[PDB]
Every structure is written in C-alpha cells, then in structure tokens.
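Engineer: The sequence shown runs 1 to 403, 411 to 590, 594 to 630 under mature numbering (1 follows the signal peptide of the UniProt record, and there is no 0).
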Amino acid sequence: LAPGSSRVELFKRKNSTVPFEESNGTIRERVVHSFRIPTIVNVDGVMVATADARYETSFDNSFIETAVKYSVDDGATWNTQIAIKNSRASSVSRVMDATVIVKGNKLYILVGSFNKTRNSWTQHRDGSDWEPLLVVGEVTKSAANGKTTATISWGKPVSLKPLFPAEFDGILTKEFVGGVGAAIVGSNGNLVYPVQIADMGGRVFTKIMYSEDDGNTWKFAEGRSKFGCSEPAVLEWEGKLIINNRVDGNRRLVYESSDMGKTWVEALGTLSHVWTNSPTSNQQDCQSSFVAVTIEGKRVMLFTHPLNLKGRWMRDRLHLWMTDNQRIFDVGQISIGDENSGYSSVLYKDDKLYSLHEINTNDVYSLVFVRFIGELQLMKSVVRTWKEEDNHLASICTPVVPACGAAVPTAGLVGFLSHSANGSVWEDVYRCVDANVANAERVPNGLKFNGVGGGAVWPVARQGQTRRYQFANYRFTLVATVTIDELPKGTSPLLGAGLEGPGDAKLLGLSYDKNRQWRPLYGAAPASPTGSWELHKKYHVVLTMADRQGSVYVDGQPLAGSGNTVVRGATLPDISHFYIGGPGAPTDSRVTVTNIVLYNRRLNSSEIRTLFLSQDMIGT
Ligand SMILES: CC(=O)N[C@H]1[C@H]([C@H](O)[C@H](O)CO)OC(C(=O)O)=C[C@@H]1O
Ligand SMILES: *[C@@H]1O[C@H](CO)[C@@H](O)[C@H](O)[C@H]1NC(C)=O
Ligand SMILES: *[C@@H]1O[C@H](CO)[C@@H](O)[C@H](O)[C@H]1NC(C)=O
Ligand SMILES: *[C@@H]1O[C@H](CO)[C@@H](O)[C@H](O)[C@H]1NC(C)=O
Ligand SMILES: *[C@@H]1O[C@H](CO)[C@@H](O)[C@H](O)[C@H]1NC(C)=O
Ligand SMILES: *[C@@H]1O[C@H](CO)[C@@H](O)[C@H](O)[C@H]1NC(C)=O
C-alpha cells in the first residue's frame, strides 16, 4: 500500500460480531466466519460500510445476511447492524451481493435472495428460489453537545420480481442481480442500477434498471452487454453512462450509452479491453469498483481491480487506476504484498481517499478499511500535471490561417513525449506510458538517434497485462517533428504502428529511402516511393488511422495512397507498439524526432494544420 497510507481490519473474520436476531426477537451477538462483498459510501457525512456477513463459511451458497457498520467520525468509531435478514427458509437461505445507491439521506440497497439452492445462480433450473430484493435505509444524523450521532433505520425489503420481464428480445429470463457495489444517481436525478441477468440456460448479461420516481417504479432499459458479461459497475461521464463489465475468461468489456441504457456502444476508443483478470487473461475475473470523483478541480474516474498474478480466485495485488477517459494512470497496489485481496470499494469524502476491500487467507475473508494518504497525494500530483499541460497547450496562440488561430488540440490528447528524457526512457509528459529508448542522444524536445537499433518503443500490446493504449487498434493520430540526418543505404523506418505477430508487420507507418523519397506503409500493401524530402530539413509527420483506414501526412498534406484500407476483417488489429526511428535487421535509422503526440481519435484536417502550424510552440 502507499508509504503513508494505512489500514485496519474493520470487519475481522472469526472475530467480529453482528447482532443476529433470532426467530422470536432475541438478538444475540454472533461470530462471523467471513465478511465478503464490501461497499463503503458517504450518506450525508456518516460513513456507511455494507457487506455479506457469511456466518458459517465463505461459500456463496451458505447462510448469509447483509451487515452494516456506519460512522459519524471518519472511522474513529463504528456501530454495527444487520441491514437485511434472510428468509431463514433453510440452512442456506441468504441475501447477498449488495449493489448500493445513495440519494440524499437515503440508502437504496439491492441484493439477491435465495432460499435453499446449493448450486450457483446461473445454473438454476428456473428462478423459483430467487428474488431480487430492494431495501431502503434513512440516515438520521442528529447530534448532541459537540458530538454528532446518527441512526439508520432499515425498512422491510421489497421484492422486485413482478417487474422483471420473462422475455428480453426473446431471451428467456431466469434471474437477476445488481452489479455489486456502488451504483449512482444520474445527473437527471435517476436512480440507476447496473444489473446482471442470467437467461434460462446460464448465459449471463448486463443491463441498466433505473428509476425516475425515486424507487417507486423500475424500468429495464433497451440495451445490453455481450453474453459473458457479469457484475457490471457504472458511473456517469459527460452525459453518458459508462458500464464496465466483469468478464470471466477474457478481457474486460466496456460500453457507453447516452440514453440511459436504451442503446449501448462498445467503448473501443477508450476503456474497453484495457483491463483484465490475469496476465494471460483466461482466469475467472473479479468484481471492480468504478467511481466518478472530482480531484483538484478535475473529474476523473477511479477503478480498482487485482492483478491476480497467482490466478484463479486468489486475486492478489489489488490496484488503483485513475483516468480522464483519455490518459490512464496506475496509482499502485492498495493491498499489502502478495496477500490475496478480492472485491474492493473506493470512497472520496471531504478530501480523503479510502478503501474497503477483501483480504483472503485460506478462504476465510476479512474487510480492511484503508486510508489512502499516499495514493491521494500521488493522485493530486498527476491531476495537477494534466490540468497544467492541457491548459498550457490550450493557451498557445497558434497562427492565423488565411481565410490567434484555432487552439492546439488537446481533446483526447492521450500522451506526449517531448523534452524530458535520458539514455533509456523518453518520459510521457502526461505521466502514464513512457517510451523505451536506445542508441539516443538528447536534442531540444526530443532525441537524435544514432546506432544499431537506435529508436524508441512506445509499448502498446507490449504494455502487457493492462493495455492502456488499447485504443490505437480502433483509431489513432500519431504526430511528430523530424529530420533525416543521414541517407539510408536503402529504405529505413521513421515512425509507425507495428503489428504483434511473426514477421515484421506494420499497421500504418512511414519510412524514407536512398533516393530521398518517402515510403508510407499502408497495412500489407507494398511501400512505393512518393515525393521528395531534403536531408536536414524539418518535417511534420502525422499518421492517421480510423475506420480500418490509414493516411500519412507530410507538412500538413497527405501523401499518395492515404485513405488506403489498412486492415481487413472484423477483428481489431493487435498493435504491438509505436516506433519512433528505428528501434532482426541491424536497423540504423539516422534521424532526429521531437515532440511526439498521441491521440485516441482521428484528428481532422484543420486539426492537423493547427499542429503543423504550431510545432515549434508545443514543446516542454
Ligand atoms: C450469486 C453468486 O453466486 N454470487 C457470487 C459470484 C457468482 O458466483 C459468479 O460471479 C458467477 O455466477 O461470484 C463471486 C465471486 O467471488 O466470484 C462472489 C459472488 O457472491
Ligand atoms: C479480535 O481481534 C482483536 C484485534 O487484535 C484482538 O484484540 C482480540 O484478541 C480478538 N478477539 C478474539 C475473538 O479473540
Ligand atoms: C427467543 O429464542 C431464543 C433462542 O434460543 C430463546 O432462548 C430466547 O430467550 C427466546 N425468547 C423468548 C422470550 O422465548
Ligand atoms: C423464500 O422463502 C420465504 C420464507 O418462507 C418465502 O416467503 C419467500 O417468499 C420465498 N420466496 C422465494 C424467493 O422463493
Ligand atoms: C532514465 O529516466 C527515466 C525517467 O526519466 C528513469 O525511469 C530511468 O531510470 C532513468 N535512467 C535510466 C537508467 O535510463
Ligand atoms: C475540426 O475539428 C475541430 C475540433 O474538433 C473543429 O474546430 C472543426 O470544426 C473541425 N473541422 C472539420 C473539418 O469538421
């Protein structure tokens, strides 16, 4: 966990007590084997932590009730209750998997309820022992002489089953549950719940169940995920709802929707497929928290997920990520060493960052309450860097084009390599994904390469487990200022996006040859000379790839062949990295490149001219 940060075993396995109330009223303090499925929120000043209180064993299909522990002193002190009771219909009756919403001084909890099944939910024969329960709680935060206090009265639970269609587009429905963890209140005031639906047969999938009348009605919105998507999380971004899904056996799928879920678009230019369940991505996946907060004047999203280096359900190394839907920063591990963590929750309150997440030892589970001093600190530092640079760049008077000129483009400006560097790392100005460097010597705002393999590699698939530049495969705009320093024996590489796989494939890219012509590479079509360039002279290159199409620009003008289809078929390309210069063959590209900019969209033509018109102004 960050140096400075700390934690406390808030819901301690086999130690902590919950007031279990017997059939006939008596209430007894009772030990609880494992506490799993945490969520901690902030109802009007009073901290609320909800969880599965699994009395006898950690297994899903045993006896479970929803416990809370709220507080009015930022964790100094804590009270404990049992928010929802199970039916008590057998020795496995349970309510679980709370998905929580907070509006005003009310808490709307949504849990799955089962009576006697001993197998898990997707494999049930019908939905007859399952019920979707809605429960509301109200925080009453009265005080007393320099000492606030508070109560939470919980209401009888209400079943949502009569409002669940038997059919979705002809998909027979079996059962549903909320996504797990915190959901939200829409900026339009709706109560929105991401929910996971199992059909008759075990296919699972995701949807938005919302309320525009504070709890009284619920509507199942038109759109859905792909099959294999479960435990969705949700937040609102620039008028849109963004739904991050858990995906067993594959990479995490992300969808955006602008109509409260009526239509879903897969977020291929931003967050989809970036995150995953294990280095090899074929393991069971794991719940995540995905929360919109404002830090240092700026709205970012916050995302938690373990690396699972150990695999299966160990869920070691919980991580924390922060993104503005453009850049993605890895804050670090919020958990200690090789401990096995699990489902987590993050909460920003009165300028303090916190977490409530699982720890697992021999499958007996605890919930730790963590204080993110370190992380927050680091988080502000980079939000400061994003604002700081966005604004700078957005404040450069670029030249007026014969019709101050249009702004330097910063929207979806993902990364940028300028002046800061050394012999083996060109650093990202937006502090997220640096460049790996070789045989280079510094020049203002960039590197002059010279030597076998001199160039730089901006990891794309080579990034590894988490793939933060996953976007390039859908669209990108790669920009750079260059000169050719020495003529090439034949043809050498200048700037590109090269393909994972055997051989030496490139998606789109540009090279120069012995004749002083440019050789743009458009997918697998063979390079063919075009134009003229003059050693030493400064050129503005921009490579552009969208709609499976590519274009290359020199001096704001597109070279011949631009627009050529660059990849065939439905699968997205798997870009390995972007190359600057000439990072098998002993490639010695003798060039100097400076100020490389990266965008998650296809900049436009006037946008490209803005950059061409202002490249001697963007540098750090
Ligand atoms: C209803 C239920 O089974 N809940 C469990 C869920 C589910 O089992 C699985 O995601 C696929 O059905 O999994 C997990 C889990 O740590 O993986 C915890 C949940 O409590
Ligand atoms: C519960 O754990 C606490 C934390 O250290 C400790 O004080 C105490 O020994 C434990 N009580 C039990 C049930 O043994
Ligand atoms: C309620 O149930 C418990 C369970 O053993 C019993 O001992 C308790 O005193 C009961 N209360 C009454 C008044 O029966
Ligand atoms: C489950 O059991 C309870 C307790 O008797 C019953 O009233 C409830 O309605 C049952 N319904 C389901 C979800 O099968
Ligand atoms: C080079 O600089 C980067 C950050 O600028 C740093 O991570 C690296 O360790 C430095 N030194 C080496 C060995 O390249
Ligand atoms: C180019 O895009 C910029 C910003 O996204 C915008 O100002 C301008 O209207 C666009 N021009 C075209 C060609 O649509």
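Even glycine gets a Cβ: it sits at the ideal position worked out from N, Cα and C.
What does the Cβ neighbour count give for residue 227, buried or exposed, with the cut at 16 atoms within 10 Å?
Structural biologist: On the sequence shown, position 227 is the one that residue 227 refers to. By the 10 Å Cβ count, residue 227 comes out exposed.
Engineer: Anyone know if the C-beta pair for residue 549 and residue 621 falls short of 8 angstroms?
Structural biologist: In the sequence shown, counting from the first residue as 1, residue 549 sits at position 542. In the sequence shown, counting from the first residue as 1, residue 621 sits at position 611. Yes.
Engineer: Does the Cβ of residue 42 lie closer than 7 angstroms to at least one heavy atom of ligand 3?
Structural biologist: In the sequence shown, residue 42 corresponds to position 42, counting from 1. Flag unset: Cβ of residue 42 not near ligand 3.
Engineer: Below 8 angstroms CB to CB, which residues in the same chain sit around residue 267 once its five sequence neighbours on both sides are set aside?
Structural biologist: For the purposes of this step, residue 267 is taken as the residue at position 267 of the sequence shown. The residues are 242, 254, 255 and 256.
Engineer: Indicate whether residue 234 and residue 183 have their beta-carbon atoms separated by less than 8 angstroms.
Structural biologist: Position 234 of the sequence shown holds residue 234. Position 183 of the sequence shown holds residue 183. In contact: residue 234 and residue 183 (Cβ atoms closer than 8 angstroms).
Engineer: So, is residue 521 buried or exposed, given that buried needs 16 or more other C-beta atoms within 10 angstroms?
Structural biologist: Start at 1 with the first residue of the sequence shown, and residue 521 comes out as number 514. Exposed, by the Cβ-count rule.
Engineer: May I have the straight-line CA-CA distance separating residue 185 from residue 439, to the nearest angstrom?
Structural biologist: To locate residue 185, count along the sequence shown from 1; it is residue 185. To locate residue 439, count along the sequence shown from 1; it is residue 432. Cα-Cα distance, rounded: 31 angstroms.
Engineer: Apart from the five residues just before and just after residue 605, which ones in its own chain have a Cβ nearer than 7 angstroms to its Cβ?
Structural biologist: Mapped onto the sequence shown, residue 605 falls at position 595. Contacts found: 425, 452, 453, 487, 488, 625, 628 and 629.
Engineer: Looking at the C-beta of residue 239, does it have a partner C-beta in chain C at a distance below 8 angstroms?
Structural biologist: No chain C appears in the structure shown, which is made up of a single protein chain.
Engineer: Could you tell me whether any non-hydrogen atom of ligand 8 is closer than 7 angstroms to the CB of residue 12?
Structural biologist: The model depicted lacks ligand 8 and carries ligand 1, ligand 2, ligand 3, ligand 4, ligand 5 and ligand 6 instead.
Engineer: Hey, how far is the Cα of residue 31 from the Cα of residue 176?
Structural biologist: As a first step, residue 31 is located in the sequence shown; it is residue number 31 there, counting from the start. As a first step, residue 176 is located in the sequence shown; it is residue number 176 there, counting from the start. Distance between the alpha carbons of residue 31 and residue 176 is about 30 angstroms.
Engineer: In three-state DSSP terms, what is residue 59?
Structural biologist: Position 59 of the sequence shown, counted from the first residue, corresponds to residue 59. In this structure, residue 59 counts as coil in the three-state DSSP scheme.
Engineer: Could you tell me if residue 514 is buried or exposed, where buried requires 16 or more neighbouring beta carbons within 10 angstroms of its beta carbon?
Structural biologist: Along the sequence shown, one-based indexing puts residue 514 at 507. Result: buried.
Engineer: Measuring alpha carbon to alpha carbon, tell me which of 445, 536 and 507 ends up nearest residue 518.
Structural biologist: Along the sequence shown, one-based indexing puts residue 518 at 511. Measuring from the Cα of residue 518, the nearest candidate turns out to be 536.
Engineer: Determine the direct distance from the alpha carbon of residue 99 to that of residue 81, and round the result to whole angstroms.
Structural biologist: The count along the sequence shown starts at 1 and reaches residue 81 at position 81. The count along the sequence shown starts at 1 and reaches residue 99 at position 99. Distance between the alpha carbons of residue 81 and residue 99: 18 angstroms.
Engineer: Go through its chain and collect everything with a Cβ distance to residue 378's Cβ below 8 angstroms, but skip five positions before and after it.
Structural biologist: One-based indexing of the sequence shown puts residue 378 at position 378. Answer for residue 378: 2, 331 and 332, listed in chain order.
Engineer: Taking 7 angstroms as the cut-off, is the C-beta of residue 112 nearer than that to any heavy atom in ligand 1?
Structural biologist: Reading the sequence shown from its first residue, position 112 is the one you call residue 112. Result yes, Cβ under 7 angstroms from ligand 1.
Engineer: Can you list every residue whose CB sits closer than 5 angstroms to some heavy atom of ligand 4, going in chain order?
Structural biologist: Working through the chain, the matches are 87, 89, 115, 129 and 131.
Engineer: Leaving aside the five residues before and after residue 412 along the sequence, list all residues of the same chain whose C-beta is less than 6 angstroms from its C-beta, in chain order.
Structural biologist: As a working mapping, residue 412 is identified with position 405 in the sequence shown. These residues qualify, in order along the chain: 398 and 399.
Engineer: Taking Cβ to Cβ, would you say residue 49 is nearer than 8 angstroms to residue 68?
Structural biologist: Mapped onto the sequence shown, residue 49 falls at position 49. Mapped onto the sequence shown, residue 68 falls at position 68. Yes, the Cβ-Cβ distance between residue 49 and residue 68 is below 8 angstroms.
Engineer: If contact is defined by three or more beta carbon pairs under 8 angstroms, each pair taking one atom from either stretch, is the segment 296-314 in contact with the segment 263-283?
Structural biologist: Counting Cβ pairs under 8 angstroms, three or more are found: they touch.
Engineer: Using alpha carbons as the reference points, say which of 385, 35, 343 and 416 lies closest to residue 618.
Structural biologist: The sequence position of residue 618 within the sequence shown is 608, counting from 1. The shortest C-alpha separation from residue 618 is found at 416.
Engineer: Assuming residue 63 and residue 91 are in contact, meaning their beta carbons sit under 8 angstroms apart, how far apart are those beta carbons, in whole angstroms?
Structural biologist: Walking along the sequence shown from the start, residue 63 turns up at place 63. Walking along the sequence shown from the start, residue 91 turns up at place 91. So it is a contact: roughly 6 angstroms between Cβ atoms.
Engineer: Do the CB positions of residue 230 and residue 245 come within less than 8 angstroms of each other?
Structural biologist: Counted from its first residue, the sequence shown places residue 230 at position 230. Counted from its first residue, the sequence shown places residue 245 at position 245. Their beta carbons are under 8 angstroms apart, which means residue 230 touches residue 245 by this criterion.
Engineer: Enumerated in chain order, which unbroken segments of the beta strand (DSSP E) with a length of 3 residues or greater are wholly contained in the segment 224-268?
Structural biologist: Segments of the beta strand (DSSP E) lying fully in the segment 224-268: 229-237, 240-247 and 254-257.
Engineer: In three-state DSSP terms, what is residue 122?
Structural biologist: As a working note, residue 122 is residue 122 in the sequence shown. In this structure, residue 122 counts as helix in the three-state DSSP scheme.
Engineer: Taking buried to mean at least 16 other C-beta atoms within 10 Å of its own C-beta, is residue 582 buried or exposed?
Structural biologist: Here the question's residue 582 lines up with position 575 in the sequence shown. Buried, because 16 or more other Cβ atoms sit within 10 Å of the Cβ of residue 582.
Engineer: Please determine whether the Cβ atom of residue 631 lies at a distance below 7 angstroms from any heavy atom of ligand 6.
Structural biologist: Only positions 1 to 630 of the chain appear in the structure, and residue 631 is not among them; the question remains open.
Engineer: Expressed to the nearest angstrom, what Euclidean distance is found between the alpha-carbon atoms of residue 36 and residue 335?
Structural biologist: Taking the first residue of the sequence shown as 1, we reach residue 36 at position 36. Taking the first residue of the sequence shown as 1, we reach residue 335 at position 335. Spanning the two alpha carbons is a distance of roughly 16 angstroms.
Engineer: Less than 8 angstroms separating the beta-carbons of residue 492 and residue 597?
Structural biologist: In the sequence shown, residue 492 corresponds to position 485, counting from 1. In the sequence shown, residue 597 corresponds to position 587, counting from 1. No, these two residues do not count as a Cβ contact at 8 angstroms.
Engineer: What first and last residue would you give for the beta strand (DSSP E) that runs through residue 329?
Structural biologist: Locating residue 329 in the sequence shown gives position 329, where the first residue counts as 1. Residues 328-333.
Engineer: Excluding the 5 residues flanking residue 339 on each side, which residues of the same chain have their C-beta closer than 7 angstroms to its C-beta?
Structural biologist: The residue given as residue 339 occupies position 339 in the sequence shown. Excluding residues within five positions, the ones whose Cβ falls inside 7 angstroms are 316 and 359.
Engineer: To which residues of the same chain is residue 293 closer than 7 angstroms at the C-beta, ignoring the five residues directly before and after it?
Structural biologist: For this step, residue 293 is matched to residue 293 along the sequence shown. Hits under 7 angstroms: 300, 302 and 348.
Engineer: What's the call for residue 297, buried or exposed, on a 16-neighbour Cβ count within 10 Å?
Structural biologist: On the sequence shown, residue 297 is found 297 positions in, with the first residue counted as 1. The residue is exposed, with fewer than 16 neighbouring Cβ atoms inside 10 Å.
Engineer: Within 10 angstroms of the Cβ of residue 118, are there 16 or more other Cβ atoms? Answer buried if so, exposed if not.
Structural biologist: Here residue 118 is taken as the residue at index 118 of the sequence shown, counted from 1. Exposed is the call here.
Engineer: With a CB to CB cut of under 6 angstroms and the five nearest residues on each side skipped, what residues in its chain are close to residue 8?
Structural biologist: Start at 1 with the first residue of the sequence shown, and residue 8 comes out as number 8. Contacts found: 369.
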